[PDB]
Structure formats: structure tokens, C-alpha cells
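Here the Cβ positions follow ideal geometry from the backbone for every residue, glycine too, while neighbour counts run over all protein chains shown. Throughout, read-outs are computed from the coordinates displayed, never taken from laboratory work.
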Amino acid sequence: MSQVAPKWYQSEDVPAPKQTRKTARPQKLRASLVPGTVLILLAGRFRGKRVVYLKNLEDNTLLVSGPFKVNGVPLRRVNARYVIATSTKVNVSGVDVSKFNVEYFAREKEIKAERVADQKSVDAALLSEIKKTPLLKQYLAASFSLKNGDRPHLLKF
Amino acid sequence: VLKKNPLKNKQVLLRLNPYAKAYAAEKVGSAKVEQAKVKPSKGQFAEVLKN
Amino acid sequence: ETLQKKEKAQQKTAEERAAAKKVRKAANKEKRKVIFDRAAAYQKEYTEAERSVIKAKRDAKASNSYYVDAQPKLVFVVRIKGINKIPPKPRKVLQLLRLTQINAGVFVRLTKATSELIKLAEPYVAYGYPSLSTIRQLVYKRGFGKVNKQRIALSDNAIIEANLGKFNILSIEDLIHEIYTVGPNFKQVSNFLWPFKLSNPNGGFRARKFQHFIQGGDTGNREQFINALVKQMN
Amino acid sequence: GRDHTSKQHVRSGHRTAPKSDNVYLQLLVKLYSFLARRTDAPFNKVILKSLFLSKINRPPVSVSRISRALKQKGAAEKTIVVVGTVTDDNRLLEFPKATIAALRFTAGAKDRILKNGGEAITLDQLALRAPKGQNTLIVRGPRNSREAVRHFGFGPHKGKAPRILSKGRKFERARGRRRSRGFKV
Amino acid sequence: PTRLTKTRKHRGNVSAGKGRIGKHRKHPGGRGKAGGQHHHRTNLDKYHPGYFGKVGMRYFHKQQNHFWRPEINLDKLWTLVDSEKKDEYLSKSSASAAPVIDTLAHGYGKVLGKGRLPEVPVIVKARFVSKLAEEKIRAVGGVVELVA
RNA sequence: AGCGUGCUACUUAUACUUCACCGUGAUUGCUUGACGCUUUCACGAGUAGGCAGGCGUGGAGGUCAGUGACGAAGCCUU
RNA sequence: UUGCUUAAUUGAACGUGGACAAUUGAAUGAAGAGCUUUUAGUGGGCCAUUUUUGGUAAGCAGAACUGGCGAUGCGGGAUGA
RNA sequence: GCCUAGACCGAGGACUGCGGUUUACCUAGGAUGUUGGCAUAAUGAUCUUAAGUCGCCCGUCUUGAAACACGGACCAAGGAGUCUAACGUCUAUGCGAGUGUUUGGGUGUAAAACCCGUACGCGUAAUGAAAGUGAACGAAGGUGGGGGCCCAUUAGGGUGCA
RNA sequence: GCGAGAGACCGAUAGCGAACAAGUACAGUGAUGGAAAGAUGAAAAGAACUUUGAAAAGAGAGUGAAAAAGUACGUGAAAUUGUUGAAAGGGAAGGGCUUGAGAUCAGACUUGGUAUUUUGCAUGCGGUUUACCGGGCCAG
Ligand SMILES: NC[C@@H]1O[C@H](O[C@H]2[C@@H](O)[C@H](O[C@@H]3[C@@H](O)[C@H](N)C[C@H](N)[C@H]3O[C@H]3O[C@H](CO)[C@@H](O)[C@H](O)[C@H]3N)O[C@@H]2CO)[C@H](N)[C@@H](O)[C@@H]1O
Ligand SMILES: [Mg+2]
Ligand SMILES: [Mg+2]
Ligand SMILES: [Mg+2]
Ligand SMILES: [Mg+2]
Ligand SMILES: [Mg+2]
Ligand SMILES: [Mg+2]
Ligand SMILES: [Mg+2]
Ligand SMILES: [Mg+2]
Ligand SMILES: [Mg+2]
Ligand SMILES: [Mg+2]
Ligand SMILES: [Mg+2]
Ligand SMILES: [Mg+2]
Ligand SMILES: [Mg+2]
Ligand SMILES: [Mg+2]
Ligand SMILES: [Mg+2]
Ligand SMILES: [Mg+2]
Ligand SMILES: [Mg+2]
Ligand SMILES: [Mg+2]
Ligand SMILES: [Mg+2]
Ligand SMILES: [Mg+2]
Ligand SMILES: [Mg+2]
Ligand SMILES: [Mg+2]
Ligand SMILES: [Mg+2]
Ligand SMILES: [Mg+2]
Ligand SMILES: [Mg+2]
Ligand SMILES: [Mg+2]
Ligand SMILES: [Mg+2]
Ligand SMILES: [Mg+2]
Ligand SMILES: [Mg+2]
Ligand SMILES: [Mg+2]
Ligand SMILES: [Mg+2]
Ligand SMILES: [Mg+2]
Ligand SMILES: [Mg+2]
Ligand SMILES: [Mg+2]
Ligand SMILES: [Mg+2]
Ligand SMILES: [Mg+2]
Ligand SMILES: [Mg+2]
Ligand SMILES: [Mg+2]
Ligand SMILES: [Mg+2]
Ligand SMILES: [Mg+2]
Ligand SMILES: [Mg+2]
Ligand SMILES: [Mg+2]
Ligand SMILES: [Mg+2]
Ligand SMILES: [Mg+2]
Ligand SMILES: [Mg+2]
Ligand SMILES: [Mg+2]
Ligand SMILES: [Mg+2]
Ligand SMILES: [Mg+2]
Ligand SMILES: [Mg+2]
Ligand SMILES: [Mg+2]
Ligand SMILES: [Mg+2]
Ligand SMILES: [Mg+2]
Ligand SMILES: [Mg+2]
Ligand SMILES: [Mg+2]
């Protein structure tokens, strides 16, 4: 621009940030999110898929299984804001989901042998409880879509 | 640097009015009144109804 | 080696500051107890006076009489008219009421002088009798003080004490009490308060503002509906 | 919009610095900018303000006025402060021993102060022996003896001096200054 | 310098500070002292009273050298005494030996009597003196000696 | 979807409320830049006109031991 | 105190000394009060409400107070000083 | 008192303050945590153009101009408050009851710089037509204010320039 | 008039009217009036020759540092105009704001750090790519 030289009093030190008081407090999920509830995925690859909710992970995401045999959607995480939580529920008191956490889904084609074995073991109990409710498998294996004249502000889920 | 409303920020409310804590503790905002069930208009105040 | 020199100096002065804050906070506790007691006494006398007036009304009803309420001593005045095309005398009157913008509010103690002042500003203002909660909400949300000619938020009782302690105002509740039940130092307390700058009403005005409240407009004395208006605008 | 009760964006109307670019005069204000900022002594705030004044606002102070100022009761050793030039007065019959602090001294003034046993110091030397202006006495020169003020506020029956280049009986003396030539104002 | 004048700041503004209605014209009101009795009467009467008319008597062939008579007051009279010898004189002057101050030789015609003299006899030589100047010189024990 | 009248909600000015940034005035403090740094508040329409702070040109004193035939100046160009 | 005034030791004006202390004698406000110098442009105006004169009246002519336009954009009156 | 949906914003930048829960921690003197994608690019700007909306030709005199008022077809270069004599206010500077070296003389590395002094101008006295006369009763005056300085000890007193 | 030395002056619409065959060309019966007009290049080396053409000329070629210097001559602006390319266009065109579309431009994998695979050089310096730490931007 111009011939104005920088001066000596124009320092280059970067100040430290002030001490912030934004201490995080835990997330509150919607009352409709109780483990075992069947959810509808709204975005992502598996959008429109009806899936079973299993556990609230500590990252604020939801652990979900298809089950993979019924749907092809595996055990994975979803965000609570991209899911419509219906009123259908599956008894997941008999499904052990303790070993699942954020590090389980840590970033490292093909699929780990541990994860496939866990998929089958979880899907066994989910399936055992799903068979009890008639058409629950058929419902979970079917994709969701809005028909003409479907008003989501008027529909019960 | 940033004005905070004491009617929204409880910490600022207690900073300005310490008695608000007692107001909250005693439910002064929903305090019942002890009195008898009376009706003192049975006589001449029924002149409101007609004349 | 300037690192350890400057670190030692802040930690020494930090410990000194910590000790000083301990003594200050211990001393400040008694003052906060004082203002706590003051607020409790004000609440008790408010409730007792209300119940006393209510009982007196019931008794007058019972005893074939009519309890005539004491006339209001305080009014809240809001300028709802813009700054253009104002005749000189009401313009001067509004300036002397510190109402120099639209949606500016001020507290007035009703005498005869101030009443005739408000009568001069009547076509341009909406005013009325404010409730205690309306006063508190105004002072808490939009209460500012005039300190060395600056508009400073009333965010701490120390500002109020430093400016109105010679008038026995040590808290925001002392100020609210002094305003509501018009006290011996109402003049100083209300002039220390910067004129309240309200927004437009949420819900709007009437269809046409600039006609008396009695004739379906907004100007003049609305008396107790100024509380609803302040709720709309504050 | 605002109904302004006063004019907006009004400068204070006072000098906040000398108009002079004399580097040594600004060093003295730098000393008294610090003194006015930090001593709470009213003397130092007056000196900082007086260093800003213009030439006509710093009239010369004769050494006779200081002599008359030293003749106040209980003032024989007060220190005289003149923010300006102290000039000599050859009409004095005698001068006392005195300490006078000034921006400038004329040759007659400096010789006469020192000849009579006194001191002629600058205002920075004052700020060390009297950083709060203790036991001082500020002397200001006559402001209204200036020639330009003779013509200020001229008008009929005002008694001021006309702005005129020549003086005599033929120069603005006939009509309006004499009843034999019409009127007098 | 032309660069500091307001002519440079008026460039770009139409009227150059002279007004759009009033405009800058050749000579509205006349030239010089025109109209001093008719439309500039209000100016000359207010600020230069006495301008019109004759007062007093004429003087054909006036030589100001005839009227040369510079004044020296009494409070400035001792400055004509030698500066290097003033202080001893202020002490040792008496009726028997007082300093002579030749005022004419310093360029003064009349000695006036403003101010106060040292309580010291002096001999003042002047062309003219006032009544009080000579009274003050005699009171301190001095004398005035007339010269030409 | 006209006339008189009542009611509920809604629409939107450079106006009002909260916030950001610019400038102006004031204001708090400050012992290798104090003609400087800093805290805070209020305010900002404008012809004629006044003042202030700046941008640009021919030439001049000083300086950059400044650029330049390995390309100055000028000229055209999302 | 006086050269003014009273029949006066009466008065007049200006004074010495003493008493009445912060509710020092209504309200509201006050980006503080007071003071000075110097100089520009301007010296065709017009409009609205109300008072109002001449005129049958006029988008006519003339006054009173205020507010405006002129000098001013913006939202509304479709459009319009 | 309690629950609940959305939008806009995130200025500041070690600590310092007021509070709350109890020499600890907090929501309490201004947004952080975490995850994904992108760095041949998501992101942003300009130019042209389309679309929506608004937008009358500038300058001028005028109460009033887009005017059916006047100049202007277009482009380049030139083009208009200057200098001088004498002055008013303000400001800076030097010296100061004085001040101004430059008419002139000296000198010179030669229209420069450096130096010199008698006079003279203005100032230091006014007033009267003029003859003329010509500025201290007093601490160069008194009273009411008056910054600053001094003695005090809220107050009060002393001294009080402009 | 003659002879000199200079300038904070002007720089070819300026400076005298004239920087040139300027008081010239030209006008007017006449007295008088009175311009425009400087720059190739260091040097003409001012383009031999061949070819097309009636010729001027054009095209090859040649000289030149440059012909993007050819006496139409340094640089060569704008108005105005031709061609090419891009685009728009129902009784104008032009403008502001906003975004789209196309074109252009900008920017952090930083002067990123650790080694490392692996290579050009003077044990060491520059590159490179894989890992980890961490960083930039846009977002949930
Ligand atoms: N001696 C008379 C004249 O003085 C002129 O010079 C005068 C001016 O240059 C200068 O003017 C000053 C002015 O600067 C200053 N700021 C105010 C002062 N009043 C003015 O002086 C003025 O008044 C005096 C009388 O008092 C007149 O003699 C003078 O002509 C007049 N200009 O003061 C000089 C005093 O005379 C010229 N040298 C010349 O015309 C002639 O000598
Ligand atoms: Mg609404
Ligand atoms: Mg504003
Ligand atoms: Mg005098
Ligand atoms: Mg008189
Ligand atoms: Mg004459
Ligand atoms: Mg008469
Ligand atoms: Mg006669
Ligand atoms: Mg201008
Ligand atoms: Mg202008
Ligand atoms: Mg123009
Ligand atoms: Mg002007
Ligand atoms: Mg004009
Ligand atoms: Mg004029
Ligand atoms: Mg005379
Ligand atoms: Mg309609
Ligand atoms: Mg209807
Ligand atoms: Mg805005
Ligand atoms: Mg402005
Ligand atoms: Mg030039
Ligand atoms: Mg130069
Ligand atoms: Mg070079
Ligand atoms: Mg170039
Ligand atoms: Mg004028
Ligand atoms: Mg005039
Ligand atoms: Mg007219
Ligand atoms: Mg006119
Ligand atoms: Mg006009
Ligand atoms: Mg307007
Ligand atoms: Mg409009
Ligand atoms: Mg209409
Ligand atoms: Mg930030
Ligand atoms: Mg676009
Ligand atoms: Mg339009
Ligand atoms: Mg015109
Ligand atoms: Mg006309
Ligand atoms: Mg026009
Ligand atoms: Mg027309
Ligand atoms: Mg006309
Ligand atoms: Mg005309
Ligand atoms: Mg034409
Ligand atoms: Mg033309
Ligand atoms: Mg002299
Ligand atoms: Mg004098
Ligand atoms: Mg006498
Ligand atoms: Mg020529
Ligand atoms: Mg010519
Ligand atoms: Mg040429
Ligand atoms: Mg041939
Ligand atoms: Mg070339
Ligand atoms: Mg060339
Ligand atoms: Mg060419
Ligand atoms: Mg072109
Ligand atoms: Mg057609
Ligand atoms: Mg784009």
C-alpha cells in the first residue's frame, strides 16, 4: 500500500484467552427417547429406515441396531435430532449393551470380527423380543416415506 | 460489559436482592391469608342492585 | 528469567488480594444482612398496608359507609409521541420532565405543580398509577443511574449506595421502596434514575394513539392500565 | 430521534495543549500534566492550564507589581509565579530580595532581582522546591491595558476609542462628537 | 501560501462561499467611502462619529519642528543619570553636591510631575517644567535650572 | 371487497428496544510512542454558510549514498 | 458619617458591632454557569390549523401565535414542497 | 412458582469485582465443548447478465423544476477570489519600556550568508478650536465578589493577582 | 540600442503574435488585421532484388536494437470507426439493492513440529511421502 513502516510499539505477542465460565452440563434427551423405542432415521445413508434404540452413549448420540438381519442397518450411532421417536417399544431389558461406548466406535473396506460377532449377539436378543409383536419385523424391515396428504404436524407416531 | 437481567439471571437477582431467597423459601408469592368466611353486603349495600 | 519474576509478583499480589477480599467479604456480609432486613420490612409493611386497606373497605361496606381510597401520590409517564411538531410550551414541559424521546418513561410524584405540568403534556403522553411489581420490573430490567452525567446500569448495589447513601438508599429494593411509597427523598432517587427507554408494545397500541384514553386513544390518564402498557413495553 | 436540550457535539472551548510547538514549553506541561494528574494540589492544575494560554492571555508582569505583591501582609518570602515574561520597571526606587519563578525574565528584570539578593528560577525549578505550590503567590499581568481593548464594544455614548489611523482636529471630531456640529454620541 | 487558503477548499462547491442569492458582484453599495450620508450613514454614525464637518481653525504652513517638546516624567528622570553611577548618587547627593540632569541634551523639552522622586537633591536642567514637577523637585531639596 | 359500529389476530419506516462496528463530544486512569495508551457514557438530517482533518498537481530546500536501458515516465486492461 | 433633611437628638443613604446555621425558607429540570472578540451567508419567501381584514369569490391580496416546507431524506395519503 | 417450541447474537481476551453453593466449586465483570467434511476445494469478493423491487436530467435562478423555464450533440487540452499598498481580529516567535540589522555602511566563497550605526517610525501623556496647561490625600484609594496561596480543626479566619 | 551573466518563471492551445523560409502565408480600396506550423533513427542504414498490378500500390524479401520507428515517422489517450469474440434486446437505454448463472480473483496443512520411508547437493543442507501431535476454514 503506502510507505508507512511498522513501529516498535506494535507488538506481536498473542494474548491468552480469558478464563471461560462455560462449564458444560449434561444433555437432556426428549421424553420419547427410552431404550428399545423404534426410531425413524431422517438423514444419512439409512434415512427412512425403522430401527431399534438401545443405549444413550456418553457422546450424546444414540446406539442403534436394525437389527442388521432385518434391515441391513448395523449397530451404529445417530444424533437425537435426526430421528423421529415413535411410540412402539421393544423390551431391551434382556439385551446387554454394556461394552458399547465412544471408544467402541473409534476411527481406525471390511468389518472387524469383534463388531460382527457383537452384531449377531445383540440381534439375537432383539429378534427374540421382536417376534412377539406381530408385524414388528415387517414394520422394521420397511422404509418410511411421506405419502400424499400426510401432515406430520397432525400425525401420531 | 454485558447487562444481565435479574429477572432472568438468578445469580444477579440474589446479588441485587438477598431477600429474594427468603421470598422463595417462604412462598411469599403464594402466601395464604387466614380469615373468616363473611359477607358484609347483605344490608344497605344492596342499594347497588336497585334504587 | 523474566518469567519467574513476573510469576512471583502476580502470585504475591494475588495472595494479598485474596486476604483483602476475605476481609471485604466478611465486612460486606453485615451490610447485606442490613439490606435483607430492610427488604423484609418493606414487604411486611406492603402486605400489612394492603390488608389494612382491604379490611377498612370491608368494614365501611359493613357499617353502611363508603371507604374512599387515598388518592394516588405517584404516576408513571411515558412519552408516546415523536419529537416533531411540538408547540413550545409542552415541548419545554416534556424537556423538564426529561421526556426527550419517544417511549421514554419517568416517575412523577403527584403534587399540584407536577400535576399541572403533566396536564400540559397530556396530548403526548400515556400515564397512570404503577403497581409495585411494575416498578420493580422497570428498575430491574431497564434501571440506569446518572453518575457523573453517564447512563450506568444498576447492576450492583454498590453503585446505588455510592450515589444515594446520603439519602439512606443502600439497595435496589431501598430505591424501589422509596419510589413506590413516595418517600422523603423521592426527588433525588427519581432524578438519579435515567429516564427509562422502553420498546414499542408487544401487541401494539390502539388503532390510533394520539387521542385520549377515554375516547379510545392512548394519551392521558389510564391510571391502572398503565401497568398493562408497561408490561407490553418493558 | 431526540429532542436535544443542548447542542450536540460541542468542543469544550478550552485549550487542552499549548498552541506553541516549542519543544521546551511542552516539556514543562508534561511535568505539570503529571503534577495536575497526581498531587490533588489546586496550584498545579492552575499552572497546567496557564501554560496553554496565548500571548495576550499572558501579559508581561512588571517587577514593580511583584514588589507590590510582596508588600502584602505576610508575603515577604512567598515565591512569585509568573507564567510568562517578567519585565523590568525603571520607575522603582528599590526592590527587595525575592524568589521569582517565571517562564522568562528580561535583562533588566533578571539583573535587578539578583542584584537585590533574589533568585530568578524557571517553573521546573519551582516544581522541585514546591511540588504542591506551597507558600506561593501567582501574579498575573494586566489584561485590559492592551490597546486592542480600547476599541472593543465601540458605539454611541460608549466612551471607547475609535479605530482610526491618524489623530487630529480633522479626523472624526465634527459631526456626532459636538453639539455645535449637530449631535454628540 | 496559496495552499493554506480557503479558495482551495471551495473548489467543487458552486458559489465559492459567496452565496447563490447574494452572489459576488462588482460593487454593490459603491466604491470606497461612497454613500457616507445616505446608505452608509448607519455605519459612519455608529463607528466613526465626527467624520463629516469642519472643527477648529486652519494653520497655513505648519512646521511640526516648532512644536517639538518631548516629555519626561519625574519617575523616569533618574534614568538619565549614568547607570554605572546611579546607586552612589542616590546615597551621596546633598545640597552641597547634587547630580545635574541635562534633560534637553537627552531629547526632552518639558519635565512633568508624574510619580515620586528619591528623597535626594537633584539639579534638573529643562526648557520647560510644570508647576508640580518643580514643587516635587524642590521638596526633595533640588532645583530646576532653565535652559534654552 | 359498500355505509355506521364492535371484536380477535395479523402486515410493516431510515422511528422505538438489545447487540456489533464507524465517527464526534465528553469521560476513567496511565512515570526506545504522553502529538501516546486506556475506561466509560451520550450523540450523528442538512441548502446558503463557517471551521476542522485529509486526498491529488507543477516547481523548491533537505534526506532515502531511493527506482531505472537487466527498462523510468506515459498509455490499455474483470 | 454627612456640606442633604427634620422643630428635634427627626429622617435618608452608606456603614461598625451582635443574634438568627444547613428544611438558607415552593415544584421540575439543568452535557454547568458567566464573559469576550471576530467574521460568513441572508435581508424576494411560501404553506397548514386557529384568530383575522379587503373582496361575490379565487390555487387572490394583507396581518396575529405556533408549527412546518424552503434547507429533508424515510413509512403512509396511488400520484403531490 | 413450574414445564416447554423457535429465531438473532457471541463484543471482550492472564488475574483483580459483586454474589451464590459451600481460601474449594458455580449459571456469578461478553461461547465454550465435541464430532464430521473441505483445503485441485466447501467459503468469500468483483465483472457481465437474468429475475424481483425501487429509481424522471443534471447544473441553475426560484416560494416552487422532471418540467411545455435556460445551457449542455460528443471527446481531449486550457478555464475563473489572484498579487500589491494600507489596515481589523486571532495565533506563533524574538526582544521588552523599548522595539525594528538590509535607506545606507562593512564584508563576502558575491543579488545569498555574516556584521555596523546615526537618525527615523511606532510606543513610553493626555486634553483643548487655540493660546496653553499637563497626571499619588491614602501602602497609587474604599466597598461587595474573586482563583491561588497561608493559618485552621466540619466550619472559620488571613492574604487576595487577573 | 549594444554587450554579458542569471532565474523556486513557461514548456509547443504554455512562453513574445512568431522555438519553424513570423510580422511569414493570407485578408482588406485603405488605415490596418494577422495565423497555423517543433520530435523517424546513434547513424538513412529512406527498403536493392523478385513478383502481382495500367499505376499508386500490395506480397515476398531487405535495413535496423526496435519497422509494435517507413519522411502518413517517439510514446500514440478519448471522442469516433472496422473486424473478431462474448452477451442482451415485445414503444429507449442507463441505475441501486439482493441472489442465481457464467468468467476472473483470493485463501493456512502455516516458514506447521517429530522422525520416517527416499532422493539432489555442500558429517550437513533442499525436496519428497507415510505415521502421530497439533493447526486453518465451513458446518451438525
Ligand atoms: N509611521 C507611520 C506608518 O507606519 C507603518 O507601520 C505601522 C504598521 O506596520 C504597524 O501596525 C500596527 C499593527 O501591526 C499592530 N498589531 C497594532 C498597531 N495599532 C498598528 O499600528 C497602527 O497604529 C499606529 C498608531 O498607534 C499608526 O501609526 C500605524 O500607522 C498603524 N498601523 O505599526 C506600524 C506603526 O506605524 C508603516 N511603517 C508606514 O506606512 C508608516 O511608517
Ligand atoms: Mg406479533
Ligand atoms: Mg439518532
Ligand atoms: Mg494603567
Ligand atoms: Mg457619560
Ligand atoms: Mg481627509
Ligand atoms: Mg437641541
Ligand atoms: Mg457654521
Ligand atoms: Mg467547503
Ligand atoms: Mg456547501
Ligand atoms: Mg458545476
Ligand atoms: Mg465567504
Ligand atoms: Mg451563481
Ligand atoms: Mg451579498
Ligand atoms: Mg499636541
Ligand atoms: Mg382494497
Ligand atoms: Mg364494516
Ligand atoms: Mg438502525
Ligand atoms: Mg452531519
Ligand atoms: Mg507552474
Ligand atoms: Mg525536492
Ligand atoms: Mg540504481
Ligand atoms: Mg514501465
Ligand atoms: Mg454582509
Ligand atoms: Mg447584510
Ligand atoms: Mg417573491
Ligand atoms: Mg434579493
Ligand atoms: Mg432559496
Ligand atoms: Mg420533512
Ligand atoms: Mg412515499
Ligand atoms: Mg388520494
Ligand atoms: Mg470472542
Ligand atoms: Mg449479479
Ligand atoms: Mg419507478
Ligand atoms: Mg438559471
Ligand atoms: Mg418564477
Ligand atoms: Mg433542476
Ligand atoms: Mg408543464
Ligand atoms: Mg427563470
Ligand atoms: Mg435566463
Ligand atoms: Mg441547445
Ligand atoms: Mg458549448
Ligand atoms: Mg527610537
Ligand atoms: Mg499609554
Ligand atoms: Mg482636595
Ligand atoms: Mg504558440
Ligand atoms: Mg500563437
Ligand atoms: Mg510528433
Ligand atoms: Mg510490370
Ligand atoms: Mg520500441
Ligand atoms: Mg517507435
Ligand atoms: Mg506513431
Ligand atoms: Mg476507443
Ligand atoms: Mg418496433
Ligand atoms: Mg456467483
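Residue count for segment C:90-116 satisfying the condition of being more than 14 Å from chain D (Cβ to nearest Cβ) and farther than 25 Å from C:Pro201 by Cβ: 7.
Which of the residues that make up segment B:21-40 are within 8 Å of chain C (Cβ to nearest Cβ), surrounded by 13 or more Cβ atoms within 10 Å (Cβ to Cβ) and either hydroxyl-bearing (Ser, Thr, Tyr) or within 17 Å of the chain's Cα centre (by Cα) (or both)? Once the filter is applied, which keeps residues that are within 8 Å of chain C (Cβ to nearest Cβ), surrounded by 13 or more Cβ atoms within 10 Å (Cβ to Cβ) and either hydroxyl-bearing (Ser, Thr, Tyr) or within 17 Å of the chain's Cα centre (by Cα) (or both), segment B:21-40 yields B:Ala22, B:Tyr23, B:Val28. Restricting attention to segment D:146-185, which residues are facing chain E (nearest Cβ under 8 Å) and among the acidic types (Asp, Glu)? Hit for segment D:146-185 is D:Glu172, nothing else.
Please determine whether any residue of segment D:32-42 is among the hydroxyl-bearing types (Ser, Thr, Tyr), away from chain C (no Cβ under 14 Å) and part of a loop (DSSP other than H, G, I, E, B). Checked against the condition, which is being among the hydroxyl-bearing types (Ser, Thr, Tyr), away from chain C (no Cβ under 14 Å) and part of a loop (DSSP other than H, G, I, E, B), segment D:32-42 yields at least one hit.
Could you tell me which residue of segment D:120-149 is nearest to RNA strand G (Cβ to nearest atom), considering only residues that are among the charged types (D, E, K, R) and surrounded by 14 or more Cβ atoms within 10 Å (Cβ to Cβ)?
Residue satisfying both the conditions and the ranking: D:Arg140.
Could you tell me which of the residues C:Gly183, C:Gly220 is within 24 Å of C:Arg109 (Cβ to Cβ), assigned to a strand (DSSP E or B) and touching a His at 6+ places or on another chain (Cβ under 9 Å)?
Numbers: C:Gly183 fails: assigned to a strand (DSSP E or B).
Result of the check over C:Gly183, C:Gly220: C:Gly220.
In segment E:1-41, of all residues being under 43 Å from the mean Cα position of the chain (by Cα), within 13 Å of ligand 14 (Cβ to nearest atom) and of a type in the set (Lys, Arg), the one that is farthest from D:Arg175 (Cα to Cα) corresponds to E:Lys18.
To keep it simple, each residue is scored yes or no on (1) of a type in the set (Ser, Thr, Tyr); (2) within 30 Å of D:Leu51 (Cβ to Cβ).
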residue: D:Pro131; (1), (2): no, yes
residue: D:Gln134; (1), (2): no, yes
residue: D:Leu137; (1), (2): no, yes
residue: D:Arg140; (1), (2): no, yes
residue: D:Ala148; (1), (2): no, yes
residue: D:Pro162; (1), (2): no, no
residue: D:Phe171; (1), (2): no, no
residue: D:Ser180; (1), (2): yes, no
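For segment C:122-149, which positions are within 14 Å of chain B (Cβ to nearest Cβ) and either surrounded by fewer than 17 Cβ atoms within 10 Å (Cβ to Cβ) or in a helix (DSSP H, G or I) (or both)? Result: C:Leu132, C:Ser133, C:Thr134, C:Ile135, C:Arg136, C:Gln137, C:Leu138, C:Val139, C:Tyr140, C:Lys141, C:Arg142. Listed by position, the strands (runs of 3 or more DSSP E) inside segment A:44-157 whose residues that are under 28 Å from A:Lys28 (Cα atoms) and touching a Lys or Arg at 6+ places or on another chain (Cβ under 6 Å) number at least 2 are A:61-65. Within segment D:122-169, track down each residue that is more than 16 Å from ligand 1 (Cβ to nearest atom), charged (D, E, K, R) and over 15 Å from the mean Cα position of the chain (by Cα). Once the filter is applied, which keeps residues that are more than 16 Å from ligand 1 (Cβ to nearest atom), charged (D, E, K, R) and over 15 Å from the mean Cα position of the chain (by Cα), segment D:122-169 yields D:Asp124, D:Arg129, D:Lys132, D:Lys158, D:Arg169.
Going through (1) within 14 Å of another protein chain (Cβ to nearest Cβ); (2) surrounded by 13 or more Cβ atoms within 10 Å (Cβ to Cβ) one by one, C:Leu3 falls short only on (2).
Here E:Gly30 fulfils each of the conditions (1) surrounded by fewer than 15 Cβ atoms within 10 Å (Cβ to Cβ); (2) over 30 Å from E:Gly113 (Cβ atoms); (3) within 11 Å of another protein chain (Cβ to nearest Cβ) apart from (3).
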